[PDB]
Each structure stands twice: as structure tokens, then as C-alpha cells.
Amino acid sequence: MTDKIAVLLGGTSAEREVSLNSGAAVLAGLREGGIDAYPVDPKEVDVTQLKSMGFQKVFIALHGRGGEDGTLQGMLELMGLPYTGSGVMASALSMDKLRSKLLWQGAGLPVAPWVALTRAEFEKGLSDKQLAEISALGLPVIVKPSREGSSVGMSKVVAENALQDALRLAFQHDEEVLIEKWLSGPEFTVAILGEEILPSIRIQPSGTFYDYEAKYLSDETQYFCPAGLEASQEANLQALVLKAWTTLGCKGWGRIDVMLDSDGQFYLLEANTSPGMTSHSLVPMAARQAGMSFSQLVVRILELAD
């Protein structure tokens, strides 16, 4: 028999609905490519049983903690099943925006000014030190959970009083949250596939930022691929993303989000080590520009597994 592949999709994160759609697309692409692939939802199926169930390899189409944060990767490593995407460390680090930012800053790479807060600090009241650091960011700011995706838990803050409500929202999702200087844009994303950096994308939301609706449920978001930069700036963006990728230790495939600010410089937002694969998703757009069918894309991601 040829290899039986499990496409892991759904799960129980805030990105479940997106993952169900990513997995649906991946499953079809793999079967179209001649791969004996089957959908497996960890919400329904105990994933510690995959090997016992007869699977040879795993395509990870989960998003968020418990699929994308090193935990599942560790289990698959010990079970001895090859799997797509980054290993334990790089998956855990890429999920943790606070620690990605620290790593990248330690490496001399460009990141937006920011303040990190814990839920325990917020509950008690912030120090004068922290309040001064927050004030120095100016307004607006963006507030985000450290370990989410799909713009879950995020908001733009334009008044000091409402920072509290933005923090409360983000703290529903994580015990660690980031307050970041608002960047002017424009916004970009760059997909990586093995050793190939795919054509860049410029993303233009119709509203204040690339929120959940703008990502998955809007026909108003615009996309430009390649991004339409001057050749030197496209080279600058590619070199930045490659250094960010290598600094985190990522492998296989992924997507790094970047924005310009008013100073004309690129800033790193985050890396994603199990990117969206839906009809609205960005890695498929870059791959299409690179002359790949969606089927060719997913077969390639699978071939790259250990």
C-alpha cells in the first residue's frame, strides 16, 4: 500500500473554523495530487492513536496553540511519524509573539516598539514604569494576545480609557499580551516553501486593520502579488524575511507578516508556521503567482516532511 496521510484539521483553538477550511482545501489538493489522504479532527479523534490507526505521515493544517505551538510536533516526533512544517522549538517560538520579538530584537532585526504585560500585572494595576512605557508608544496602539492568530483578540486603541477594554479582550485569549506602536502600513506578507521565497503580497484591508472579517469573510480586501515594490525594496523585504525565518529556526514552509511605517522602514510582525490554506488565504495566492496549482503546493509541503 502507498502511504496513508492524515490531514489534521479543526481542533479546539479559536482558529478552529479557519482550520476546518484549510484542511478541507489541503485534503482535496492532496487527493488530486494522488496522495491517499484522510481528514482527521483532533477534537473527535485522539491524535496519540494516529500510528495505531495506520497513518504513515501527517499534514498539519491546524492553527493556533495545540497544533502550531510545538506540542503536537513533540508528540509526532516521539510517535515516529513525519509531519509537515517547523519542529518543536521553531513552532513554539513562532506562536509566542512576545518571545519572537525578543529574539528578533536580540538579532538586530526591526520590530515595532512595544510593551509586554501579564494578566496578573493588569489585575493589580500597572507600575508607574509600565505606564510611562505605554505613554511613550503614543496613540494609536494595537493590542494583541501573544499566542493567537487570525487577528483573534486584537484591537486598535485610540483613547486611553479604552486601552483597558482592549487589554481585557486580549487577556481573554492569553495571559501575556502585547501593546505595540501603531504602524502606518502598507502591509505585506511573504511565504516560504522549502528553500524558495515565494512572490510577495501587499494586503489592503478596507477598514482599520486586517481583522478576522477582512481575512476570511470579506470581498472588500485587496491583494497585490507581487507587492509592486521597487526592485531594491522587494530585495530588502525578501532579505529581511529570510533572516527572520532563519533566526527563528523554521523549516518546511510558513509565512511572515511585515509592515512599513511612516519612517519608510519595514517592521516584522510575526511568523506563522501553520499558515492558512483557505480560499481567502495568502500562501495559496503566492504559490499561484509562482505558477503552482494548489495541489502542487500541498504535495510539495508534504514532500518536504522529515
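Numbering starts at 1 and runs along the sequence shown.
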Practice task
Going by the average Cα B-factor in the PDB entry, point out whether 142-150 or 195-203 comes out higher.
Solution key: 195-203
Handout entry: Which of 108-116 and 86-94 has higher mean CA B factor, as the PDB entry lists it
Key = 108-116
Exercise for the section: Check the PDB entry and point out which of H173, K124, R168, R99 has the largest C-alpha temperature factor. Expected result: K124
Practice task
Check the PDB entry and point out which of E180, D211, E187, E220 has the largest C-alpha temperature factor.
Solution key: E220
Completion exercise
Temperature factor at the Cα of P284, chain-ranked in thirds, falls in the middle
Practice task
Taking the chain's C-alpha temperature factors as the reference, tell me which third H63 falls into: lowest, middle or highest.
Solution key: lowest
Problem - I256 by Cα B-factor - lowest, middle or highest third of the modelled chain - result: lowest
Problem - Cα B factor band for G23 (lowest, middle or highest third within the chain) - result: lowest
Practice task
For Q73, return the chain-relative third of its C-alpha B-factor as stated in the PDB record: lowest, middle or highest.
Solution key: lowest
